[PDB]
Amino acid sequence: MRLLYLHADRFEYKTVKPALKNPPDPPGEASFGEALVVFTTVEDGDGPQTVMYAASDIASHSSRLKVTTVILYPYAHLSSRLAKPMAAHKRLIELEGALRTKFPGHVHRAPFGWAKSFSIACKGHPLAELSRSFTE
């Protein structure tokens, strides 16, 4: 699993056209104030252990940043060892579930399988943009 942690002043997205033949989530849009936006690329061989490490780290980082909102944003582009779409969707659902057991704020998982437009205003402090790798 490869993640990018963007500490944002604001974030929004809208699904546009499907990017998979049959997207497993309905279309949607959402907008947020201050949030940790987590661009999430699920990799081949990510299992439940990987999900658990990611969730713990996101919760830990969120606490450090004093953010009360995390956006789990599926992203195909952080890796060249992607898990297949249905495995990826499952791992992202697990990640959302795991994060809720560790982090007490708003957890929003953006829909999987869509092309999206988005806007972000990313903060400029030294911890505002970090990357993470998890595996098992």
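We number the residues from 1 along the sequence you see.
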**Request:** Higher average CA B factor in the deposited record is what I'm after, so tell me if that's 99-107 or 43-51.
**Result:** 43-51
**Request:** Look over 66-74 and 24-32 in the entry and identify the one with the greater average Cα temperature factor.
**Result:** 24-32
**Complete:** Chain-relative C-alpha B factor for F11 (record values, thirds): the lowest
**Asked** Ranked by Cα temperature factor within the chain, is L82 in the lowest third, the middle third or the highest third?
**Response** middle
